[PDB]
Amino acid sequence: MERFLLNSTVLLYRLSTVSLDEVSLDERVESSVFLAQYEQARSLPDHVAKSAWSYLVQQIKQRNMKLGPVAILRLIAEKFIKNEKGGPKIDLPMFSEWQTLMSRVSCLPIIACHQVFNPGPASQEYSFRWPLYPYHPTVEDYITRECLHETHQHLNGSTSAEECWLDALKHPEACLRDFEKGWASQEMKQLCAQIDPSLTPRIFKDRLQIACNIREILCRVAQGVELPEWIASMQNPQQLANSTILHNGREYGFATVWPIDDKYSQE
Amino acid sequence: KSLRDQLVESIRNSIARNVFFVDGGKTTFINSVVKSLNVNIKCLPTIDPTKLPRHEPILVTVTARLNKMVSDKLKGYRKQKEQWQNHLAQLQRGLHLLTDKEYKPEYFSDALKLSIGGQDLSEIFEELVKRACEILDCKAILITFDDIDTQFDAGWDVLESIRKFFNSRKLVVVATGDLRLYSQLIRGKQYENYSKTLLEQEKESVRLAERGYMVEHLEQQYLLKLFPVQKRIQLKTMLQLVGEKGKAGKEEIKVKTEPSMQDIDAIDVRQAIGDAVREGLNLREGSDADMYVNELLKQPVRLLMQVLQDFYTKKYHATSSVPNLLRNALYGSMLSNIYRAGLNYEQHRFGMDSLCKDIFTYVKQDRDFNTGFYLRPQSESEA
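Residues numbered from 1 in each chain as written, not as in the entry; some residues may be left out. Chains lettered and ligands numbered in written order. Part of a larger assembly, values for the part shown. Heavy atoms only, no water.

Header annotation of the entry names cryo-EM as the structure determination method and lists the resolution as 6.73 Å.

Put into structure tokens, the structure is as follows:
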């Protein structure tokens, strides 16, 4: 169900609409989860959902984390990823539902969480490599001796969707252009309504630029750089819907410096 | 202050031996100096040689601080890292040369690997500094070494670190202390170079004499090279910083005497000292009391600050005798001075009996015998 905690139009809308200073959002989050599971997997029998949510909140409270992606990513990590042989590897018994989840979520966050909280021996400098694979000596031997044979790769441009995310962040205006040019089509309108009823290209762009701002601000904090002053005025997520922030008469653009030249690299 | 600023200027126009030295507080001045440099030269955390285990080389310590600085300037934002570990490993491998109490032969073929011929740790260090400044985009590195008053013996070691490893134009040394100990230690282990049988046999005034001449000349010449005079620092003293008798006073100091002391009640420094003495001395405001306090303004800043911080402290404590509150302070100030004076130690046996005998002892030790009872702080010895 945790997939719901990471993929929820209801939760996203509610969170973004509420300010940053509410605190005690447990019940509303829970209701959002109930809804999202209803639409996504309606087939669940209406009580297993509460059972699971209670179970999760249980582990959260006993393990003394708070309801948040830190906790959720942690849970996901121990449940699925392990250290074996070379780098983290997914459990053989669990790979299938790994794919089920991946259908809904990105792997890199879990990968980072696991690297931080349960890294293997501090000897193999881990270079991020997507996606995750299980381990079998037999399959490995077959691969080594014969390699794999790709024929059908025409789905998304020709690359995995995850890169399209960073590509959009690096070309946000281009993303908006392409979205609009296609939004006039009935098909895409139908799909957008189906996924998020009230998407529209306006809130589309707003979300993209807000995400840019989030990445930026959390860059500053992660590099532990002085938490710029305007964060105090930063009070409502919608305030991330503008390329600059007004604290007191003065506008700040969000950009900072990055360790690597390509701030938009998956690495 | 001003001194540190001229020093900053001097080292700055030096990249354009390479060791500035500071006579002598000392540590405070050096720390301020380092803060001053924060013409790109990168500073090192101050080196406290006395605060190091008996088994390290100054070079390993330097390498450690350099490791941190390079690595963290590196984690900030590669192949430069990759290149650095090569030099690091070369240092590790050639490191034994210093420690080894014997030559192991296997080090020979080790030296047979590959630009002077051998395994010169000093040249290795020079490529090290080359990499360091190349990566930090700085013109040079400052190596800042504390006085070795608490251990004047370890300093020798820093001296050889300098001589053998720091003969480079992208490194600059900042030494601090009293050159008298430098002279002694360098002399002491100059003498250690002779053969024991040699001196054991030639214990006659003549030969004693010429070997003394030789050792002393070598000490002088080696100090010349290691601490070339031009870049040495004399430093201004506290009394030099204060009017001798009022006909001076560049940068009035002024000290705090009362807890309130809202920066306007500061009773000078000379004036506070004069009050403390006269009233604790019942001394009048004449000429001798002045000169008495001049022979007080000499004392090392730590001693004077303690003795004049416990003075007004206890005066305020008692006020919510000046001579006894001051006498208790002088006791703490000169205790080991008085202790080595061989004079009364217990405080329960003060009386006036012990005072007369102790005055007799002081006058005999000061010789005098003419105005010794004046108790003038005019003796050559500061004790």
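The rest of the description comes next.
As for the sheet that holds strand β2 (residues 41–43) of chain B
All names here are of chain B. As a reminder, the rule being used: Should DSSP find at least two bridges between two strands, the strands are regarded as paired. Only DSSP runs of H or I reaching four residues or more are called helices, and only runs of E reaching two or more are called strands; each is numbered from the N terminus. Two residues qualify as a contact provided that any one of their heavy atoms is within 4.5 Å of a heavy atom in the partner residue. The axes used here are C-alpha line fits, helices contributing only the stretch in contact, and every angle between their N-to-C directions lies in the interval 0 to 180 degrees.
If you trace the 5 strands from one edge of the open sheet to the other, you get β2-β3-β4-β1-β5, paired in parallel fashion. The two strands at the open ends of the sheet, each matched to only one other strand, are β2 and β5 (232–233). Both strand β1 (residues 19–22) and strand β4 (residues 171–176) contribute to a ladder of 4 bridges, which runs parallel. Pairing of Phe20 across the sheet is with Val174, part of β4. Its contacts with the sheet put helix α1 (residues 2–15) on β1, β2, β3 (140–144), β4 and β5, and the angle it makes with β1 is roughly 165°.

Points about the pairing of β3(B)
Residues and elements named next belong to chain B. Note the threshold: Residue burial is assigned from relative accessible area. The probe radius is 1.4 Å, only protein chains are included, and a residue is buried under 20% of its type maximum, exposed over 50%, and partly exposed in between. By convention, a crossover is right-handed whenever its connection, traced from the first strand over the helix to the second and viewed with the strands pointing away, goes clockwise.
Counting buried residues along β3, 5 of its 5 residues qualify, which places the element largely inside the surrounding structure. With burial as the criterion, each face of β3 is covered, one bearing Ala140, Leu142 and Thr144 and the other bearing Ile141 and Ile143. Pairing of β2 with β3, which is carried by 3 bridges, proceeds in the parallel orientation. Within β3, the position partnered with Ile41 by the bridge is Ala140. Sheet topology note: the β3/β4 ladder contains 4 bridges and is parallel. Opposite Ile143, over in β4, you have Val173 as the bridge partner. Once the chain exits β3 it traverses helix α8 (residues 152–165) before rejoining the sheet at β4, and the crossover so formed is right-handed.

Here's the deal with helix α11 (residues 205–226) of chain B
Residues and elements named next belong to chain B. Quick note on the threshold: The length a helix should cover is 1.5 Å for every residue beyond the first. As used here, the arc is the angular range of directions from the helix axis to the C-beta atoms.
Here α11 is 22 residues long and its end C-alpha atoms lie 31 Å apart, about the 32 Å a rise of 1.5 Å per residue gives. The complete set of buried residues in α11 reads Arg211, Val215, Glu219, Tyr222, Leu223 and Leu226. One side of α11 holds all its buried residues, which, seen down the axis, span an arc of 105°. Set apart from the buried face of α11 by more than 90 degrees, the exposed residues are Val206, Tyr213, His217 and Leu224. Buried residues along α11 sit against β1, α8, α9 (179–191) and α10 (196–201).

Regarding the packing of helix α3 (residues 26–40) of chain A against helix α4 (residues 48–63) of chain A
All names here are of chain A. As a reminder, the rule being used: Throughout, the term roughly parallel applies to angles under 35 degrees, roughly antiparallel to angles over 145, roughly perpendicular to angles from 65 to 115, and oblique to all others. For any helix crossing, the convention is left-handed if the near helix is rotated counterclockwise from the far helix by under a right angle, and right-handed if that rotation is clockwise. Only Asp, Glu, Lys and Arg are considered charged in this grouping, and only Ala, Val, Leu, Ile, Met, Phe, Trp, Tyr, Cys and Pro are considered nonpolar; every other residue, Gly among them, is considered polar.
The interhelical angle for the contact between α3 and α4, taken along N-to-C directions, is 140°, at an axis separation of 11 Å. In terms of orientation, α3 and α4 fall into the oblique class. Read as a crossing pair, α3 and α4 show a hand that is right-handed. Seen from α3, the contacting residues are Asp26, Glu30, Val33, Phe34 and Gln37; seen from α4, they are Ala49, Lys50 and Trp53. Of the residues belonging to the contact of α3 with α4, the class tally is 4 nonpolar, 1 polar and 3 charged.

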